[PDB]
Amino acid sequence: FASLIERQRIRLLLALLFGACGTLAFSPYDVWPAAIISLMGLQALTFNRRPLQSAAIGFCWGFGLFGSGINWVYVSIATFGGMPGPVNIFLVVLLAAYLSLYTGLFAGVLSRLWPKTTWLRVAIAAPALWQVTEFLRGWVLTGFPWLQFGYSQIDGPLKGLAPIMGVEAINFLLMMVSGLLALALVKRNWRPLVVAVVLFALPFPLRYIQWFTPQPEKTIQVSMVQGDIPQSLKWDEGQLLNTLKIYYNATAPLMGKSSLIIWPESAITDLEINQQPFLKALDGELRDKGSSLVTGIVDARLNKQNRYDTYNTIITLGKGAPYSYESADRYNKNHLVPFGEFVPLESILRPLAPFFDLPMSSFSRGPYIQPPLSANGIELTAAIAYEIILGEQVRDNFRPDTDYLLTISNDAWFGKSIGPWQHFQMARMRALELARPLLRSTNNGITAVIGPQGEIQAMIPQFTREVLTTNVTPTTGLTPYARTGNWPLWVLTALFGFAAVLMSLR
């Protein structure tokens, strides 16, 4: 270092700290101003840099953000990776590094085309470039758009913007507001402060708009069974039997009382084709008392090619949902977690027969669009675990007659970490975006009911064997976001980009 903050070594360190500051914005800590402070740090530290230096600054900021926020992936790698301790740490640092590239990319491109510090760079160029940059991290090599700052404000002042343009609009606006604040602090000029406050305060009245209308007549008692069943060391018929006894014995008392019962992802730990007698018998018991069950299961279905394809599945039983193996009322998982449910670069099969022994097992993908689940005259658009954080995918599957949004997930991995909470926060956003109640049941994890505005209706603690029963009411409204999607944001992002690129090219 030489003089003040003008020298690079200090800025990389400061970028590391402000990146880490962004973690506090998300679900466990729930401090939304940490987003603006984090973004101001990223915006201000990239001022007056060479594109390469800014890209380095950006990379560090991402490393502080992703290293502190995503480090919970270690507990899954350590358990099932079969790897030494130091390698697992190496893999986690590698993941945070890979994610920080896009942050470094954002800063590198921002500095080259918009080097001078001007409101154009912070308020126009950055939010559009950030919109593109955050997209790449989310679209490249099967996703992982985790820790988007829009979710940090589910309870905050800007929540009214979400039902209109979606969560990615809050990402766009937060980058915008932070830029004006960072510009105001660096230039010692109050004019961007006024604009930033105005830009920040104007969306506040939008939280009082209700784009949905409720429906007392369709009010139902719903039950979500959270079995605390641990992850399996050894699979025998005894553990399977122990698992079904846990769920059925909790399900049987509520069959008469509650209209809909939900079981978490892969609740039945056996293939669907084996359990046909248990399933058909369970359907009868439910239909007689006038209730319906929604459960996750593993389905290996014979392909036309006569080989076997395995799907992560949701199936429907009970009244209004007669169970059939060929029944079209079911959900198969589309987007598969990269190293958990599938092996990337599966072409490595050639060395496999000699030398080592590698996993050949991989799941299969369902259709990108699947019809909503129908049970008890209720339409549920469903998503399994990770899928709920994909906002565009959820909205495309959402059909206006949909009564509830449904997520079943197994958070048993990551337990006691901040991951399940981060996961839970993003799920709330889908409810506010679409103005529908969300029913989320986990094996162990956050099992709760969320209202149309993102309000938490009812919740049960983690790591317990419990049933969450309460009354939930449907809503028939249509938000602007449900109709348009994020098309308006991209048009705005094009307009901002088109203008900012045209100004940079002179």
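So that there is no doubt, residue numbering starts at 1 and follows the sequence shown.
Trainee: Where do the C-alpha atoms have the higher mean temperature factor in this entry, in 305 to 313 or in 156 to 164?
Mentor: Higher mean C-alpha B-factor: 305 to 313.
Trainee: With reference to the PDB entry, specify whether the mean Cα temperature factor is higher for 351 to 359 or for 426 to 434.
Mentor: For C-alpha atoms only, the mean B-factor is higher in 351 to 359.
Trainee: Choose from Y151, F106, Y325, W114 the residue with the greatest Cα B-factor as stated in the PDB record.
Mentor: Checking the PDB record, the top C-alpha B-factor among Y151, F106, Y325, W114 is at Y325.
Trainee: Sorting the chain's CA B-factors, does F90 end up in the lowest, middle or highest third?
Mentor: Ranked within chain, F90 CA B lands in the middle tercile.
Trainee: Test of reading the entry: by CA B factor among the chain's modelled residues, which third contains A250?
Mentor: Its C-alpha B-factor, which the entry lists for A250, ranks in the highest third among residues of this chain.
Trainee: Should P338 be placed in the lowest, middle or highest third of its chain by the C-alpha B factor in the entry?
Mentor: Ranked within chain, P338 CA B lands in the highest tercile.
Trainee: By its CA B factor, does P203 count among the lowest, middle or highest third of the modelled residues in the chain?
Mentor: Answer is middle: the recorded C-alpha B-factor places it there.
Trainee: Comparing against every modelled residue in the chain, figure out the third that the C-alpha B-factor of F144 lands in (lowest, middle or highest).
Mentor: According to the entry, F144 has a C-alpha B-factor in the chain's highest third.
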